[PDB]
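S.K.: Pasting in a structure now, in structure tokens, and then I'll have a few things to ask.
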Amino acid sequence: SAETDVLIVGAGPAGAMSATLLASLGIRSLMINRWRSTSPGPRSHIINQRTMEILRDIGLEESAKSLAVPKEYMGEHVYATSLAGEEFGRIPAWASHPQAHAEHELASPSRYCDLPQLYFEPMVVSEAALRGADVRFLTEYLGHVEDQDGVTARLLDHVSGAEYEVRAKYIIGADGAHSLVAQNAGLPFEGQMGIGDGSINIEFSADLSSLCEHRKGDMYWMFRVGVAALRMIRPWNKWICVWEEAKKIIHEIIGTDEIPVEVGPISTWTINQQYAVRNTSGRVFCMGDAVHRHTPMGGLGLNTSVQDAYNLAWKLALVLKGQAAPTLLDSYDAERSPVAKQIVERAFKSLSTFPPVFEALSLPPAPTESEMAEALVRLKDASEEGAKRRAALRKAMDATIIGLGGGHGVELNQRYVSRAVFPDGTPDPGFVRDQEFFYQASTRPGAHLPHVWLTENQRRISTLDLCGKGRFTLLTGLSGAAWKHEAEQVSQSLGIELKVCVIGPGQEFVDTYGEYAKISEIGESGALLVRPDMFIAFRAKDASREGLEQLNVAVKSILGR
Amino acid sequence: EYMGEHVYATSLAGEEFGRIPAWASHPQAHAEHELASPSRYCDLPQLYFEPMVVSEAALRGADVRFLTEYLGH
């Protein structure tokens, strides 16, 4: 037997991130995993800005960037007959279009990058152990029982052979899409797990720089199942094909014998659309693929899983230290379960964007080499019928971009509503523009803190860099110095750290560009209370005494006290 | 990329009043810039520009004579 604060079952990106963050806040975690190592298989690889921000908070951003492929190599999505064959056309994927890129730059100090979960996982697992988590692989969760004071789980050790018990105050179910932890907690799911009659993933190696370096992209999709994908793992060199020496399916996809090819492992994917309606069940919290299982369309899986962990850790830390009532843990479900449903529905809906491509070419699904060849030559036709076909195809191709980088709103427009956000008595604004395609910065409580550039010592710093570090932060201008004193009083009163930044001309942080003035929807003396997880929980118009009194209440409320 | 930060200050070594994003350095201005043309802003003193073009003109076939004054026609 053994005792610890949190038991994390699973060392995929959510469990690992959980361990790191809890270890960074002084909380004892034991993280476990049935397998001998981190995921070898072909899995996620698009890392969006929200996940990069979180690494930037933890100080792992420069490491990930070192191993990741940059945005600049991800831009050209090509649709073709084969890699060596003729292109139907290209879309500007992963915000490579100048305007998409501007909306990207403004939204965050971080950027897209491609980094196979294969590297991401061990990076984070090793940091978690370095920061203080205990990490044990080849250990299987067999089950647990709860009571009023905590939980007791039974583990099976695949090295020693022994079974032992672990006592803990909480359990995080971050096993994968077949989570046994979710099964025991009794969580309800909506949706199915194999939708129709899936995909085969052939990993392989081959120098394709002559076919790719003049048109750098993350993926190359072939219409030939109707569709097959060719995704880059390491620039122009290591690869998967998606669809034993029958894997010269590959040669068909590249479209040539000439390039030598070493075949790696092959595996299978199915089509899922299933999420948990509720992610918590007294003392058990479930996290990544365990509560949202979905197709790969849009990069959303890994990124959502890391953000699930970022939302929970700080709350668990506060509760375990008696700085907050257990009530605070309910906001995990309130804030996070919607995002799970959203992600699953979005990924599945992104598969509808493909059939219309075949409709534009007048093709049945799963067409035959002749029919395909007819469609290609119609496309080249110097008639008005051929012009219509061309345009139809363009309209069809463009629409696929939602699954391939265009869904910036889905990525960033979280709006929490829970006990952990204190409403300011502003009317809800909606979105001016489409909320799936476009991010809208908001400073209203429940929104994520916008990014703008300030300066510290004439050097650019992000507004977000004032704000993480496992602590609440309060932001203001010079007219708002009163918040400094009011904040101290509240930290003294309730037992919590509360950094205060007074932004302006004299100060440490100044807004040399006026972006802070412009972006906040609030006068200089107003203030934003930012959570550890970077979400605004409280906003005040000004520093009047009515505004100042509220702070102490907002805080006691947020923490359940 | 070296043209972006226009700073207003008391002196170079003194305190800044603030900065504006000059020469389309603001992300949105830069986007409108990229879409407009395949070319980009750059700083190149007329001091270098002139002789570059005078020499090309002569290379391509123009006759070029300095220290010669137009008096009238």
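Residue numbers start at 1 in each chain; chains themselves are named A, B, ... in the order of the structure tokens; ligands are numbered from 1 in the order shown.
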What are the residues of chain A lining chain B at 7 Å or less? Count only C-alpha atoms, and put the answer as a list in words.

M.R.: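 Going by the stated atoms only, the list reads residues 98, 99, 102, 105, 106, 512 and 513 of chain A.
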
S.K.: Store the residues picked out above, limited to C-alpha atoms, as an mmCIF file, in the first residue's frame.

M.R.:
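Final output, saved to selection.cif:
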```
data_model
loop_
_atom_site.group_PDB
_atom_site.id
_atom_site.type_symbol
_atom_site.label_atom_id
_atom_site.label_comp_id
_atom_site.auth_asym_id
_atom_site.auth_seq_id
_atom_site.Cartn_x
_atom_site.Cartn_y
_atom_site.Cartn_z
ATOM 1 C CA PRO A 98 -1.877 36.471 -44.962
ATOM 2 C CA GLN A 99 -5.173 37.523 -43.339
ATOM 3 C CA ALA A 102 -2.742 38.304 -39.059
ATOM 4 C CA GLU A 105 -0.541 36.881 -34.639
ATOM 5 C CA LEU A 106 -2.998 39.185 -32.908
ATOM 6 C CA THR A 512 4.237 51.413 -25.179
ATOM 7 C CA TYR A 513 1.713 50.717 -28.059
#
```

S.K.: Can you list, as a VMD selection string, every protein, DNA or RNA residue that comes within 7 Å of residue A:173 when you count only C-alpha atoms, leaving out same-chain residues fewer than 6 positions away?

M.R.: chain A and resid 8 to 10 181 to 182 284 to 287

S.K.: Quick check, in Å to one decimal: how far apart do atom CA of residue A:366 and atom CA of residue A:225 lie?

M.R.: 5.1 Å

S.K.: Which one is closest to residue A:81: A:273, A:256, A:440, A:192? Count only C-alpha atoms.

M.R.: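 Of A:273, A:256, A:440, A:192, the one nearest residue A:81 is A:256, counting only C-alpha atoms.
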
S.K.: Fewer than 3 positions away in the same chain doesn't count, so skip those; otherwise give me all residues within 10 Å of residue B:43, counting only C-alpha atoms, as a list in words.

M.R.: residues 2, 3 and 46 of chain B

S.K.: Could you save the residues just selected, with N, CA, C and O atoms, as a short mmCIF file (atom, residue, chain, number, x, y, z; two decimals), in the first residue's frame?

M.R.:
```
data_model
loop_
_atom_site.label_atom_id
_atom_site.label_comp_id
_atom_site.auth_asym_id
_atom_site.auth_seq_id
_atom_site.Cartn_x
_atom_site.Cartn_y
_atom_site.Cartn_z
N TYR B 2 13.30 45.40 -39.92
CA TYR B 2 14.09 46.40 -39.19
C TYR B 2 13.51 47.81 -39.21
O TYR B 2 14.04 48.71 -38.57
N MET B 3 12.42 48.01 -39.93
CA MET B 3 11.81 49.32 -40.06
C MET B 3 10.61 49.56 -39.11
O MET B 3 10.01 50.64 -39.11
N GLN B 46 18.65 56.84 -51.33
CA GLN B 46 18.77 57.31 -52.69
C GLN B 46 20.24 57.31 -53.12
O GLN B 46 20.58 57.11 -54.28
#
```

S.K.: Assign secondary structure with DSSP using the backbone only, and return the residues of stretch 379-528 of chain A in alpha helix (DSSP H) as number ranges by chain.

M.R.: A: 379, 384-399, 408-412, 482-493, 515-519
